[PDB]
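K.L.:
The structure file protein.cif (mmCIF, C-alpha atoms) is provided below.
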```cif
data_final
loop_
_atom_site.label_atom_id
_atom_site.label_comp_id
_atom_site.auth_asym_id
_atom_site.auth_seq_id
_atom_site.Cartn_x
_atom_site.Cartn_y
_atom_site.Cartn_z
CA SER F 34 16.39 7.80 10.97
CA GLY F 35 13.39 6.07 9.45
CA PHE F 36 10.55 3.65 10.00
CA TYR F 37 11.50 0.44 11.81
CA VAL F 38 9.92 -2.99 12.22
CA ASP F 39 9.86 -5.20 15.27
CA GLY F 40 7.69 -8.29 14.93
CA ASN F 41 4.16 -7.35 13.81
CA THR F 42 4.58 -3.65 14.69
CA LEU F 43 5.72 -0.79 12.48
CA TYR F 44 7.39 2.14 14.34
CA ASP F 45 8.00 5.70 13.17
CA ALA F 46 11.41 7.35 13.63
CA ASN F 47 10.40 8.46 17.16
CA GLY F 48 9.83 4.80 18.01
CA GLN F 49 6.07 5.31 18.19
CA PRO F 50 3.85 2.57 16.69
CA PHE F 51 2.39 3.73 13.41
CA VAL F 52 -0.89 2.35 12.14
CA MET F 53 -1.58 3.48 8.58
CA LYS F 54 -5.08 4.85 8.00
CA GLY F 55 -5.25 6.20 4.50
CA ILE F 56 -6.14 6.29 0.84
CA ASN F 57 -4.83 5.11 -2.51
CA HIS F 58 -4.42 7.76 -5.20
CA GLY F 59 -4.13 6.77 -8.86
CA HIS F 60 -1.47 9.37 -9.58
CA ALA F 61 0.12 7.51 -12.49
CA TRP F 62 -3.05 7.83 -14.56
CA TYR F 63 -3.91 11.36 -13.41
CA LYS F 64 -0.54 13.05 -12.98
CA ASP F 65 -1.71 16.68 -13.15
CA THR F 66 -4.15 16.16 -10.25
CA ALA F 67 -1.37 15.92 -7.65
CA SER F 68 -1.71 19.41 -6.16
CA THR F 69 -5.47 18.94 -5.79
CA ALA F 70 -5.81 15.26 -4.90
CA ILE F 71 -2.92 14.85 -2.44
CA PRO F 72 -3.92 17.76 -0.21
CA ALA F 73 -7.60 16.77 -0.55
CA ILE F 74 -6.67 13.33 0.76
CA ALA F 75 -4.87 14.97 3.68
CA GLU F 76 -8.00 17.03 4.44
CA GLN F 77 -9.86 13.75 5.03
CA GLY F 78 -7.58 12.90 7.94
CA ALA F 79 -5.50 10.26 6.13
CA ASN F 80 -2.12 9.75 7.85
CA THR F 81 -0.80 7.96 4.78
CA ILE F 82 -1.31 8.17 1.01
CA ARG F 83 -0.48 5.24 -1.24
CA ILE F 84 0.73 6.75 -4.49
CA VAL F 85 0.38 4.80 -7.71
CA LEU F 86 3.49 5.19 -9.88
CA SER F 87 4.37 3.74 -13.26
CA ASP F 88 7.75 2.43 -14.34
CA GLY F 89 6.65 2.87 -17.97
CA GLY F 90 5.86 -0.82 -18.33
CA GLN F 91 2.15 -0.30 -18.94
CA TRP F 92 1.54 3.46 -18.62
CA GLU F 93 3.37 6.77 -18.76
CA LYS F 94 6.53 6.52 -16.65
CA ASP F 95 6.77 8.75 -13.60
CA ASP F 96 10.11 10.53 -13.85
CA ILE F 97 12.32 11.43 -10.93
CA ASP F 98 11.01 15.01 -10.74
CA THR F 99 7.47 13.65 -10.52
CA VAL F 100 8.44 11.20 -7.76
CA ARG F 101 10.00 14.06 -5.80
CA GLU F 102 6.92 16.23 -6.43
CA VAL F 103 4.37 13.74 -5.12
CA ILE F 104 6.37 12.64 -2.06
CA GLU F 105 6.95 16.32 -1.24
CA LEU F 106 3.22 17.10 -1.50
CA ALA F 107 2.49 14.16 0.87
CA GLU F 108 5.14 15.17 3.42
CA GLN F 109 4.12 18.84 3.33
CA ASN F 110 0.58 17.76 4.13
CA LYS F 111 1.71 15.63 7.06
CA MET F 112 1.16 12.29 5.33
CA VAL F 113 3.44 9.28 5.01
CA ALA F 114 3.87 8.31 1.35
CA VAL F 115 3.70 4.64 0.43
CA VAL F 116 5.05 4.76 -3.12
CA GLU F 117 4.30 1.77 -5.35
CA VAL F 118 5.05 0.64 -8.90
CA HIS F 119 1.85 -0.60 -10.55
CA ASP F 120 2.98 -2.04 -13.91
CA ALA F 121 3.61 -5.60 -12.66
CA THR F 122 0.04 -5.95 -11.40
CA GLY F 123 -1.19 -9.54 -11.62
CA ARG F 124 1.85 -10.73 -13.56
CA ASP F 125 3.78 -13.90 -12.63
CA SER F 126 6.76 -12.98 -14.83
CA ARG F 127 10.00 -12.21 -13.01
CA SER F 128 10.79 -9.66 -15.72
CA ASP F 129 8.00 -7.37 -14.46
CA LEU F 130 9.36 -7.43 -10.93
CA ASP F 131 12.86 -6.80 -12.32
CA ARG F 132 11.55 -3.69 -14.03
CA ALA F 133 10.04 -2.41 -10.77
CA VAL F 134 13.23 -3.08 -8.82
CA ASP F 135 15.34 -1.29 -11.43
CA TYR F 136 12.90 1.64 -11.26
CA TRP F 137 13.38 2.10 -7.51
CA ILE F 138 17.16 1.98 -8.00
CA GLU F 139 16.90 4.47 -10.87
CA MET F 140 14.92 6.81 -8.61
CA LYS F 141 17.01 6.30 -5.45
CA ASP F 142 18.09 9.95 -5.28
CA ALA F 143 14.46 11.01 -4.79
CA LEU F 144 14.08 8.45 -2.00
CA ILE F 145 17.31 8.36 0.00
CA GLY F 146 17.02 10.68 3.00
CA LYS F 147 13.25 10.33 3.11
CA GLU F 148 13.24 7.14 5.17
CA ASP F 149 11.20 8.69 7.97
CA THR F 150 8.40 9.78 5.62
CA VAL F 151 8.44 7.30 2.69
CA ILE F 152 7.76 3.56 2.60
CA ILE F 153 8.50 1.66 -0.61
CA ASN F 154 5.86 -0.84 -1.76
CA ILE F 155 7.98 -2.78 -4.21
CA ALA F 156 5.34 -3.74 -6.74
CA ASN F 157 1.54 -3.68 -6.67
CA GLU F 158 0.14 -7.20 -6.80
CA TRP F 159 3.13 -8.92 -8.38
CA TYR F 160 2.57 -12.66 -8.88
CA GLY F 161 -1.08 -13.17 -9.67
CA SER F 162 -1.05 -16.94 -9.26
CA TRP F 163 -1.55 -18.58 -5.87
CA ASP F 164 1.98 -19.84 -5.41
CA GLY F 165 3.72 -18.94 -2.16
CA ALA F 166 7.10 -20.43 -3.08
CA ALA F 167 7.49 -18.65 -6.40
CA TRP F 168 6.24 -15.36 -4.94
CA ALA F 169 8.81 -15.74 -2.15
CA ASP F 170 11.74 -16.36 -4.54
CA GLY F 171 10.92 -13.14 -6.34
CA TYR F 172 11.28 -11.06 -3.19
CA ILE F 173 14.19 -13.09 -1.81
CA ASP F 174 15.99 -12.09 -5.01
CA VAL F 175 14.67 -8.49 -5.08
CA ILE F 176 15.15 -7.15 -1.55
CA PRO F 177 18.96 -7.41 -1.38
CA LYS F 178 19.31 -5.47 -4.66
CA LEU F 179 17.32 -2.63 -3.15
CA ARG F 180 19.41 -2.68 0.00
CA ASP F 181 22.61 -2.82 -2.10
CA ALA F 182 21.45 0.33 -3.87
CA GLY F 183 21.40 2.14 -0.52
CA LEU F 184 17.63 2.08 0.02
CA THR F 185 17.09 1.58 3.76
CA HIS F 186 13.34 2.41 3.77
CA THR F 187 10.82 0.06 5.23
CA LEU F 188 9.79 -2.13 2.29
CA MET F 189 6.20 -3.21 1.78
CA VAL F 190 5.61 -6.51 0.00
CA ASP F 191 2.22 -7.40 -1.52
CA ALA F 192 0.86 -10.93 -0.97
CA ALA F 193 0.63 -13.23 -4.00
CA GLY F 194 -2.74 -13.68 -5.72
CA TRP F 195 -3.16 -9.98 -6.59
CA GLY F 196 -2.78 -9.36 -2.87
CA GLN F 197 -5.65 -11.77 -2.14
CA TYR F 198 -3.69 -14.96 -1.36
CA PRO F 199 -2.33 -14.11 2.11
CA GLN F 200 -1.48 -17.79 2.64
CA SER F 201 1.70 -16.80 0.79
CA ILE F 202 2.74 -14.47 3.63
CA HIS F 203 1.78 -17.02 6.27
CA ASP F 204 3.85 -19.75 4.60
CA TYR F 205 6.81 -17.82 3.19
CA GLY F 206 6.69 -14.33 4.69
CA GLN F 207 9.37 -15.09 7.25
CA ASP F 208 11.62 -16.37 4.43
CA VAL F 209 11.09 -13.09 2.59
CA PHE F 210 11.77 -11.07 5.75
CA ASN F 211 14.95 -13.10 6.42
CA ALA F 212 16.21 -12.04 2.96
CA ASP F 213 16.25 -8.43 4.19
CA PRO F 214 19.55 -7.86 6.00
CA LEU F 215 17.87 -4.72 7.45
CA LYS F 216 15.00 -6.71 8.97
CA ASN F 217 12.74 -3.87 7.85
CA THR F 218 10.07 -5.35 5.60
CA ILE F 219 6.30 -5.42 6.10
CA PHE F 220 3.52 -7.17 4.20
CA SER F 221 0.32 -6.15 2.52
CA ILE F 222 -2.95 -7.91 1.75
CA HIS F 223 -5.50 -6.51 -0.66
CA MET F 224 -8.98 -7.35 0.54
CA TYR F 225 -11.70 -7.62 -2.05
CA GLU F 226 -14.23 -10.43 -2.60
CA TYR F 227 -11.84 -13.29 -1.84
CA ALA F 228 -9.52 -12.04 0.90
CA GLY F 229 -12.16 -9.79 2.51
CA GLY F 230 -15.42 -11.57 1.68
CA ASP F 231 -16.86 -11.99 5.18
CA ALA F 232 -16.03 -11.24 8.82
CA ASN F 233 -14.46 -14.64 9.50
CA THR F 234 -12.29 -14.37 6.40
CA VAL F 235 -11.09 -10.83 7.23
CA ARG F 236 -10.11 -11.86 10.74
CA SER F 237 -8.47 -15.10 9.64
CA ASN F 238 -6.43 -13.38 6.94
CA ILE F 239 -5.14 -10.67 9.27
CA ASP F 240 -4.37 -13.25 11.97
CA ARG F 241 -2.48 -15.59 9.64
CA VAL F 242 0.07 -12.81 9.14
CA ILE F 243 0.37 -10.95 12.42
CA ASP F 244 0.38 -14.15 14.46
CA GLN F 245 3.58 -15.03 12.56
CA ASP F 246 5.02 -11.84 14.10
CA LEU F 247 5.08 -10.24 10.68
CA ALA F 248 3.86 -6.67 10.19
CA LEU F 249 0.74 -6.14 8.09
CA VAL F 250 -1.12 -3.43 6.21
CA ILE F 251 -4.30 -3.84 4.20
CA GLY F 252 -2.81 -1.91 1.29
CA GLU F 253 -6.06 -1.93 -0.67
CA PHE F 254 -9.60 -2.88 0.16
CA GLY F 255 -13.10 -2.38 -1.20
CA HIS F 256 -16.73 -2.68 -0.21
CA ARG F 257 -19.90 -4.62 -0.98
CA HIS F 258 -21.47 -3.83 -4.34
CA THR F 259 -23.92 -5.25 -6.90
CA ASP F 262 -19.37 -8.96 -1.03
CA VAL F 263 -16.51 -7.27 0.82
CA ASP F 264 -16.79 -6.66 4.57
CA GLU F 265 -15.36 -3.17 5.02
CA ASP F 266 -16.95 -2.91 8.47
CA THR F 267 -14.85 -5.81 9.80
CA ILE F 268 -11.73 -4.67 7.97
CA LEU F 269 -12.13 -1.33 9.74
CA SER F 270 -13.08 -2.67 13.18
CA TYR F 271 -10.69 -5.62 13.32
CA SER F 272 -7.79 -3.56 11.97
CA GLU F 273 -8.43 -1.03 14.74
CA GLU F 274 -8.54 -3.82 17.35
CA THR F 275 -5.24 -5.36 16.18
CA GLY F 276 -3.29 -2.23 15.20
CA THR F 277 -3.33 -3.27 11.56
CA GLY F 278 -3.04 -0.41 9.08
CA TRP F 279 -5.20 0.06 5.99
CA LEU F 280 -5.41 2.08 2.78
CA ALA F 281 -8.75 2.29 0.99
CA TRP F 282 -9.00 2.00 -2.80
CA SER F 283 -9.23 4.68 -4.18
CA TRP F 284 -9.61 8.46 -4.21
CA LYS F 285 -10.97 8.98 -7.73
CA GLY F 286 -10.63 7.92 -11.33
CA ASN F 287 -11.51 4.24 -11.50
CA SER F 288 -12.69 2.99 -14.88
CA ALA F 289 -16.43 2.45 -15.34
CA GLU F 290 -16.16 -1.19 -14.27
CA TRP F 291 -14.65 -0.26 -10.91
CA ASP F 292 -15.95 3.27 -10.36
CA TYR F 293 -18.01 2.03 -7.39
CA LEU F 294 -14.57 2.18 -5.71
CA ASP F 295 -14.19 5.97 -6.11
CA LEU F 296 -14.09 7.62 -2.67
CA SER F 297 -14.81 11.11 -4.05
CA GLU F 298 -16.89 12.55 -6.87
CA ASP F 299 -14.42 15.41 -7.31
CA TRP F 300 -10.64 15.62 -7.11
CA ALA F 301 -10.91 18.22 -4.32
CA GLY F 302 -12.94 16.00 -1.99
CA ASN F 303 -15.81 18.45 -1.52
CA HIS F 304 -18.30 15.75 -2.52
CA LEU F 305 -17.53 12.31 -1.19
CA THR F 306 -19.34 9.23 -2.48
CA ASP F 307 -21.14 6.93 -0.05
CA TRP F 308 -17.94 4.86 -0.01
CA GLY F 309 -15.80 7.90 0.74
CA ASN F 310 -18.20 8.91 3.51
CA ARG F 311 -17.90 5.47 5.11
CA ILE F 312 -14.07 5.58 5.07
CA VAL F 313 -13.69 9.22 6.14
CA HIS F 314 -16.63 9.83 8.49
CA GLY F 315 -17.67 6.35 9.59
CA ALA F 316 -17.02 4.16 12.62
CA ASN F 317 -13.32 3.25 12.83
CA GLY F 318 -12.63 5.46 9.80
CA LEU F 319 -10.13 8.26 9.21
CA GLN F 320 -11.63 11.09 11.23
CA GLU F 321 -12.32 8.70 14.11
CA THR F 322 -9.06 6.75 14.28
CA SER F 323 -6.30 8.17 12.06
CA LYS F 324 -3.32 9.57 13.97
CA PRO F 325 -0.52 11.41 12.17
CA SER F 326 3.00 9.98 12.17
CA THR F 327 4.76 11.65 15.09
CA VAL F 328 7.61 12.67 12.80
CA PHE F 329 5.36 15.55 11.74
#
```
Translate this structure into structure tokens?

P.N.:
Amino acid sequence: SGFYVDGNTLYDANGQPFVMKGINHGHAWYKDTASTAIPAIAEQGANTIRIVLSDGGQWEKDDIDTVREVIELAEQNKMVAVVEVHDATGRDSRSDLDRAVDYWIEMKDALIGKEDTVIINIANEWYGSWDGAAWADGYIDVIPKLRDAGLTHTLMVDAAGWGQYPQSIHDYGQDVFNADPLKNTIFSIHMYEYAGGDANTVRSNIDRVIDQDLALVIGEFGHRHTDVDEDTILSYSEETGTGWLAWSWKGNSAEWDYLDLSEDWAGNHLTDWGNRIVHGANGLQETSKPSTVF
């Protein structure tokens, strides 16, 4: 029993549509914060946490005990865990995707049996270039190896272009889905200045996926700062049943710290951005519903 996909809808194990409303947590870079940050994220009303893991490619590898620990903390706070490997971010090289795939297979014992509470986002932002065909071949090759390893989880696949070239999913997403004998794969767009730059763009990018009867989550998105239209991401996602996961709880480097949702790991002092996501129109408190498996 696990999550299932039918067209552009993701269903929990009780067959109830599940629309992710949640938050990215940079676990890989802040491993000891788990027992503070994960429950703090739950306290905000998030029904899903996207957990940044490392396969040791660029940062400190998250071992199998750590994977178990963080998924357990999510589950025991009534949140779905979207686990993701972050080390292939922006890279076109197949080798980086290979490393992520091998990581999931290495960690399969922490994952098997958790199909109703864990969704596997194969690699964050793999394939930085805007090339639908090449992006597709990567996942056409990758998905069967995961299935062969006995991983039956819903798989989440990031669009090419660091998640910001959703044309890739429109043009090749069905080919990628077809490569999954389980027919249980969904797609993610990351919406920043390009893919989420204005209302029209947000709507067009969501439409170009779900109108292909492919399931979609906005696995990361941002906000306007010194343009990203978080209002439309929030409202149009709600209208269409499209899930989203805001980036990110805490710990961005100085260059991106405008993206921190919370001043503190415990979430007692949200930033303006955190307040918008948690307490604002179409945000977590207003629209997030827990997976019915809980």

K.L.:
Could you spell out the hits of the PyMOL selection byres ((chain F and resi 104) around 9) on the shown file, as a list in words?

P.N.:
residues 84, 99, 100, 101, 102, 103, 105, 106, 107, 108, 109, 113, 114, 115, 116, 143, 144, 147, 150 and 151 of chain F

K.L.:
Work out how far apart atom CA of residue F:256 and atom CA of residue F:291 are and give it in Å to one decimal.

P.N.:
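Atom CA of residue F:291 lies 11.2 Å from atom CA of residue F:256.
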
K.L.:
Between F:299, F:149, F:125, F:204, which residue has the minimum interatomic distance to residue F:48, considering all atoms listed in the file?

P.N.:
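Smallest distance to residue F:48 is found for F:149.
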
K.L.:
Would you translate the PyMOL selection byres ((chain F and resi 304-308) around 10) into the concrete set of residues it matches in this file, as a list in words?

P.N.:
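For this structure, the PyMOL selection byres ((chain F and resi 304-308) around 10) resolves to residues 77, 255, 256, 257, 265, 281, 282, 283, 284, 285, 293, 294, 295, 296, 297, 298, 299, 300, 301, 302, 303, 309, 310, 311, 312, 313, 314 and 315 of chain F.
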
K.L.:
Once the PyMOL selection byres ((chain F and resi 96) around 12) has been evaluated on this model, what residues remain selected, and can you format them as a ChimeraX atom specification?

P.N.:
/F:61,64,86-89,93-95,97-103,136-137,139-143

K.L.:
List as a list in words the protein and nucleic acid residues near residue F:253, meaning an atom at most 8 Å away when only C-alpha atoms are counted, but skip any in the same chain fewer than 4 places from it.

P.N.:
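With the cut-off at 8 Å, the set is residues 57, 222, 223, 224, 279, 280, 281 and 282 of chain F.
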
K.L.:
Can you work out the spacing between atom CA of residue F:49 and atom CA of residue F:327 in Å, to one decimal?

P.N.:
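Distance between the two atoms: 7.2 Å.
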
K.L.:
So, counting only C-alpha atoms, which residue among F:218, F:80, F:185, F:34 is closest to residue F:320?

P.N.:
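Closest to residue F:320 of all the choices is F:80.
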
K.L.:
Box for stretch 316-321 of chain F: with edges along x, y and z, all listed atoms inside and 5 Å added on each side, what are the centre and edge lengths in Å to one decimal, as lines of an AutoDock Vina configuration file?

P.N.:
```
center_x = -13.6
center_y = 7.2
center_z = 11.7
size_x = 16.9
size_y = 17.8
size_z = 14.9
```

K.L.:
Rank F:210, F:254, F:205, F:63 by their smallest atom-to-atom distance to residue F:227, using all atoms listed in the file, and report the top residue only.

P.N.:
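Of all the options, F:254 lies closest to residue F:227.
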
K.L.:
Could you add the missing atoms to stretch 258-286 of chain F, up to N, CA, C and O atoms, and return them as a PDB file, in the coordinates of the input?

P.N.:
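What follows is the written file rebuild-v3.pdb:
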```pdb
ATOM      1  N   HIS F 258     -20.825  -4.480  -3.205  1.00  0.00           N
ATOM      2  CA  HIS F 258     -21.470  -3.830  -4.340  1.00  0.00           C
ATOM      3  C   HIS F 258     -22.331  -4.845  -5.093  1.00  0.00           C
ATOM      4  O   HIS F 258     -22.358  -6.020  -4.743  1.00  0.00           O
ATOM      5  N   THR F 259     -23.030  -4.387  -6.130  1.00  0.00           N
ATOM      6  CA  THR F 259     -23.920  -5.250  -6.900  1.00  0.00           C
ATOM      7  C   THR F 259     -23.428  -6.701  -6.980  1.00  0.00           C
ATOM      8  O   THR F 259     -22.298  -6.969  -7.395  1.00  0.00           O
ATOM      9  N   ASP F 262     -19.339  -9.348  -2.434  1.00  0.00           N
ATOM     10  CA  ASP F 262     -19.370  -8.960  -1.030  1.00  0.00           C
ATOM     11  C   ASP F 262     -17.960  -8.736  -0.489  1.00  0.00           C
ATOM     12  O   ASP F 262     -17.077  -9.584  -0.642  1.00  0.00           O
ATOM     13  N   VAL F 263     -17.765  -7.583   0.141  1.00  0.00           N
ATOM     14  CA  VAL F 263     -16.510  -7.270   0.820  1.00  0.00           C
ATOM     15  C   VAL F 263     -16.931  -6.620   2.130  1.00  0.00           C
ATOM     16  O   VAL F 263     -17.802  -5.749   2.135  1.00  0.00           O
ATOM     17  N   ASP F 264     -16.348  -7.074   3.239  1.00  0.00           N
ATOM     18  CA  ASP F 264     -16.790  -6.660   4.570  1.00  0.00           C
ATOM     19  C   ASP F 264     -15.934  -5.530   5.122  1.00  0.00           C
ATOM     20  O   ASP F 264     -15.062  -5.748   5.969  1.00  0.00           O
ATOM     21  N   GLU F 265     -16.166  -4.319   4.620  1.00  0.00           N
ATOM     22  CA  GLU F 265     -15.360  -3.170   5.020  1.00  0.00           C
ATOM     23  C   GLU F 265     -15.548  -2.859   6.501  1.00  0.00           C
ATOM     24  O   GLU F 265     -14.624  -2.387   7.154  1.00  0.00           O
ATOM     25  N   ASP F 266     -16.734  -3.136   7.040  1.00  0.00           N
ATOM     26  CA  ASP F 266     -16.950  -2.910   8.470  1.00  0.00           C
ATOM     27  C   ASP F 266     -15.940  -3.697   9.318  1.00  0.00           C
ATOM     28  O   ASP F 266     -15.337  -3.151  10.239  1.00  0.00           O
ATOM     29  N   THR F 267     -15.755  -4.978   9.007  1.00  0.00           N
ATOM     30  CA  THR F 267     -14.850  -5.810   9.800  1.00  0.00           C
ATOM     31  C   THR F 267     -13.383  -5.482   9.527  1.00  0.00           C
ATOM     32  O   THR F 267     -12.563  -5.525  10.423  1.00  0.00           O
ATOM     33  N   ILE F 268     -13.062  -5.130   8.288  1.00  0.00           N
ATOM     34  CA  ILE F 268     -11.730  -4.670   7.970  1.00  0.00           C
ATOM     35  C   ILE F 268     -11.394  -3.472   8.848  1.00  0.00           C
ATOM     36  O   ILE F 268     -10.345  -3.427   9.486  1.00  0.00           O
ATOM     37  N   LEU F 269     -12.317  -2.512   8.901  1.00  0.00           N
ATOM     38  CA  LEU F 269     -12.130  -1.330   9.740  1.00  0.00           C
ATOM     39  C   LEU F 269     -12.085  -1.649  11.239  1.00  0.00           C
ATOM     40  O   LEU F 269     -11.176  -1.208  11.934  1.00  0.00           O
ATOM     41  N   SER F 270     -13.053  -2.403  11.745  1.00  0.00           N
ATOM     42  CA  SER F 270     -13.080  -2.670  13.180  1.00  0.00           C
ATOM     43  C   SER F 270     -11.961  -3.600  13.643  1.00  0.00           C
ATOM     44  O   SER F 270     -11.340  -3.370  14.692  1.00  0.00           O
ATOM     45  N   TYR F 271     -11.689  -4.650  12.872  1.00  0.00           N
ATOM     46  CA  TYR F 271     -10.690  -5.620  13.320  1.00  0.00           C
ATOM     47  C   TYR F 271      -9.279  -5.074  13.125  1.00  0.00           C
ATOM     48  O   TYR F 271      -8.376  -5.394  13.899  1.00  0.00           O
ATOM     49  N   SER F 272      -9.083  -4.231  12.112  1.00  0.00           N
ATOM     50  CA  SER F 272      -7.790  -3.560  11.970  1.00  0.00           C
ATOM     51  C   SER F 272      -7.544  -2.692  13.197  1.00  0.00           C
ATOM     52  O   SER F 272      -6.466  -2.701  13.777  1.00  0.00           O
ATOM     53  N   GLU F 273      -8.543  -1.901  13.568  1.00  0.00           N
ATOM     54  CA  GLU F 273      -8.430  -1.030  14.740  1.00  0.00           C
ATOM     55  C   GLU F 273      -8.112  -1.837  16.006  1.00  0.00           C
ATOM     56  O   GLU F 273      -7.238  -1.454  16.784  1.00  0.00           O
ATOM     57  N   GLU F 274      -8.787  -2.968  16.192  1.00  0.00           N
ATOM     58  CA  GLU F 274      -8.540  -3.820  17.350  1.00  0.00           C
ATOM     59  C   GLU F 274      -7.095  -4.363  17.411  1.00  0.00           C
ATOM     60  O   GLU F 274      -6.495  -4.456  18.483  1.00  0.00           O
ATOM     61  N   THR F 275      -6.540  -4.703  16.254  1.00  0.00           N
ATOM     62  CA  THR F 275      -5.240  -5.360  16.180  1.00  0.00           C
ATOM     63  C   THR F 275      -4.067  -4.434  15.846  1.00  0.00           C
ATOM     64  O   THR F 275      -2.925  -4.879  15.815  1.00  0.00           O
ATOM     65  N   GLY F 276      -4.343  -3.158  15.575  1.00  0.00           N
ATOM     66  CA  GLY F 276      -3.290  -2.230  15.200  1.00  0.00           C
ATOM     67  C   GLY F 276      -2.793  -2.467  13.792  1.00  0.00           C
ATOM     68  O   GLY F 276      -1.637  -2.172  13.466  1.00  0.00           O
ATOM     69  N   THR F 277      -3.672  -3.004  12.950  1.00  0.00           N
ATOM     70  CA  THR F 277      -3.330  -3.270  11.560  1.00  0.00           C
ATOM     71  C   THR F 277      -3.701  -2.051  10.737  1.00  0.00           C
ATOM     72  O   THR F 277      -4.802  -1.532  10.867  1.00  0.00           O
ATOM     73  N   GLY F 278      -2.774  -1.576   9.912  1.00  0.00           N
ATOM     74  CA  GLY F 278      -3.040  -0.410   9.080  1.00  0.00           C
ATOM     75  C   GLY F 278      -3.889  -0.757   7.865  1.00  0.00           C
ATOM     76  O   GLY F 278      -4.041  -1.924   7.517  1.00  0.00           O
ATOM     77  N   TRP F 279      -4.467   0.261   7.235  1.00  0.00           N
ATOM     78  CA  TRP F 279      -5.200   0.060   5.990  1.00  0.00           C
ATOM     79  C   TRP F 279      -5.178   1.295   5.098  1.00  0.00           C
ATOM     80  O   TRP F 279      -4.956   2.416   5.559  1.00  0.00           O
ATOM     81  N   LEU F 280      -5.411   1.051   3.814  1.00  0.00           N
ATOM     82  CA  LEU F 280      -5.410   2.080   2.780  1.00  0.00           C
ATOM     83  C   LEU F 280      -6.524   1.756   1.802  1.00  0.00           C
ATOM     84  O   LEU F 280      -6.449   0.762   1.073  1.00  0.00           O
ATOM     85  N   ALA F 281      -7.560   2.586   1.791  1.00  0.00           N
ATOM     86  CA  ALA F 281      -8.750   2.290   0.990  1.00  0.00           C
ATOM     87  C   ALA F 281      -8.496   2.561  -0.484  1.00  0.00           C
ATOM     88  O   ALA F 281      -7.756   3.472  -0.835  1.00  0.00           O
ATOM     89  N   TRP F 282      -9.105   1.764  -1.351  1.00  0.00           N
ATOM     90  CA  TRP F 282      -9.000   2.000  -2.800  1.00  0.00           C
ATOM     91  C   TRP F 282     -10.316   2.561  -3.324  1.00  0.00           C
ATOM     92  O   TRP F 282     -11.355   1.933  -3.098  1.00  0.00           O
ATOM     93  N   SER F 283     -10.326   3.702  -4.025  1.00  0.00           N
ATOM     94  CA  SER F 283      -9.230   4.680  -4.180  1.00  0.00           C
ATOM     95  C   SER F 283      -9.875   6.057  -4.327  1.00  0.00           C
ATOM     96  O   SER F 283     -11.098   6.177  -4.484  1.00  0.00           O
ATOM     97  N   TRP F 284      -9.061   7.108  -4.312  1.00  0.00           N
ATOM     98  CA  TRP F 284      -9.610   8.460  -4.210  1.00  0.00           C
ATOM     99  C   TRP F 284     -10.590   8.769  -5.340  1.00  0.00           C
ATOM    100  O   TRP F 284     -11.751   9.097  -5.084  1.00  0.00           O
ATOM    101  N   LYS F 285     -10.120   8.679  -6.581  1.00  0.00           N
ATOM    102  CA  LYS F 285     -10.970   8.980  -7.730  1.00  0.00           C
ATOM    103  C   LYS F 285     -10.317   8.421  -8.979  1.00  0.00           C
ATOM    104  O   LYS F 285      -9.097   8.220  -9.019  1.00  0.00           O
ATOM    105  N   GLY F 286     -11.137   8.163  -9.991  1.00  0.00           N
ATOM    106  CA  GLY F 286     -10.630   7.920 -11.330  1.00  0.00           C
ATOM    107  C   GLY F 286     -10.685   6.478 -11.796  1.00  0.00           C
ATOM    108  O   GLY F 286     -10.127   6.138 -12.834  1.00  0.00           O
TER     109      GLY F 286
END
```
